[PDB]
Amino acid sequence: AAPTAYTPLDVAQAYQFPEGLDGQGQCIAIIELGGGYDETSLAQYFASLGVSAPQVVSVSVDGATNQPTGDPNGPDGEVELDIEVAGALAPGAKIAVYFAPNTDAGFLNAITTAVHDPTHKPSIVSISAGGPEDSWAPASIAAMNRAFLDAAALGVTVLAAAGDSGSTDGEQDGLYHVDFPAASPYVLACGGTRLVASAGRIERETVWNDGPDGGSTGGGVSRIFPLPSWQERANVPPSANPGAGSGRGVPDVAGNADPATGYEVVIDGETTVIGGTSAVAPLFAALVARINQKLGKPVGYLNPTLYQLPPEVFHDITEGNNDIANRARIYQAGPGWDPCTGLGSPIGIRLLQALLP
Ligand SMILES: [Ca+2]
């Protein structure tokens, strides 16, 4: 009931991120289509958490640059949240922030620029929500999906927030929708939960759903991408939309996103609390950076592997739903993979152990 907040370190601790690793030698690319960040907030924040501040650099795509508007409730909130969560948890990694115009081509160009970047050479790319998959021009979906396929072939991991408006994803057309890029089978789709945790244990973790007013995690069944071969044993249900039909299930994993149990951050000089699935992609980008550091080689495309690992690697979320439109409870969490939280929240050290040869 009482709203709370965690520093990113608290959340990493709850998910048992592997100790002694900080992402040294890795580079995490973060895609942004607006706003900016200021060095003052970043320095104050990293100093406050006691971590050595990671190097953060901006990359201009199609003429766009780092331009904070100064409004803590504007786009700077998302930009600084992304950098602060990733940087606080993989402080040994270099962070490259790619700014592009807010257009389909700018978004595509930022991704490809990051993936093929010979100067920054990122091994991981973190992206926020981009909109209901069926609101996208088909040619844009194809181009974006190919960019993700290329990243997978190149050994670059791509993570994307699943959305903040539940199973309907902000549309009021009487249908359920999943968000893109999360829906691409080549992206690690990140859903959201409400986490109640302390240093040594998770007291409770449920689906993030604060109703129409407070938001809810995206999740569902794609109407564009077929059910991947590697996801056929996850028990993805048919789409809830009349006509049903199988399709790629969203999300793949999930982590704390509820603003009511949000992240303490500093935006435009102001200490405040922010949530949303935009926090989850960078959170897990940091985990992957630590794992890549230990393995000595990037894990790249992880989806097929994740779905074949033993379930002990994940914390299964079984309670809650992401319906903020009606009383049907579509979709609902339950034992095993579900369309609200996927495989659940990863247990960092067990995931690393499972990936060690
Ligand atoms: Ca579950």
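Residues numbered from 1 in each chain as written, not as in the entry; some residues may be left out. Heavy atoms only, no water.

Method of determination, as given in the entry header: X-ray crystallography; reported resolution: 1.28 Å.

S.K.: So what about the UniProt feature "active site" in the protein chain? Which residues, and what values?
M.R.: In the UniProt entry, the feature "active site" is given for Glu78, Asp82 and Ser278. Spatially, the listed residues are clustered: although they cover 201 residues, their C-alpha atoms lie within 7.1 Å of one another. Mapped onto the elements of the fold, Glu78 is located in helix α3 (residues 76-89). Assessed through its relative accessible area of 30%, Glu78 is described here as partly exposed. Each residue touching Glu78, except ones within four places of it in the same chain, is listed here: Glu32, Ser128, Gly275 and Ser278. (UniProt positions renumbered as here; feature names shortened; annotations may be inferred. Helix = DSSP H or I, 4+ residues; strand = E, 2+ residues; numbered from the N terminus. Buried < 20%, exposed > 50% of the residue type's maximum accessible area, 1.4 Å probe, protein only. Contact = heavy atoms within 4.5 Å.)

S.K.: How would you sum up α3? Please name residues and give values.
M.R.: Its 14 residues give α3 an end-to-end C-alpha distance of 20 Å, which sits within 8% of 20 Å, the value for a rise of 1.5 Å per residue. Across the 14 residues of α3, 13 count as buried, placing the element largely inside the fold. (Expected span 1.5 Å × (residues − 1).)

S.K.: Please provide a residue-by-residue account of the coordination of the calcium ion, values included.
M.R.: Protein ligation of the calcium ion involves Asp316 (OD), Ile317 (O), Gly334 (O), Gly336 (O) and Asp338 (OD), the donor distances falling in the range 2.4 Å. Read from N- to C-terminus, the donor residues coordinating the calcium ion fall into the pattern D-I-x16-G-x1-G-x1-D. One end of the pair, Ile317, is in the loop between β14 (314-315) and β15 (345-346); the other, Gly334, is in the loop between β14 and β15, and 17 residues separate them in sequence. Under the relative-accessibility criterion, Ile317 is labelled buried at 0%. Its relative accessible area of 11% is what places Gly334 among the buried residues. (Donors = N, O, S within 2.8 Å, 3.2 Å for Na, K, Ca; no water.)

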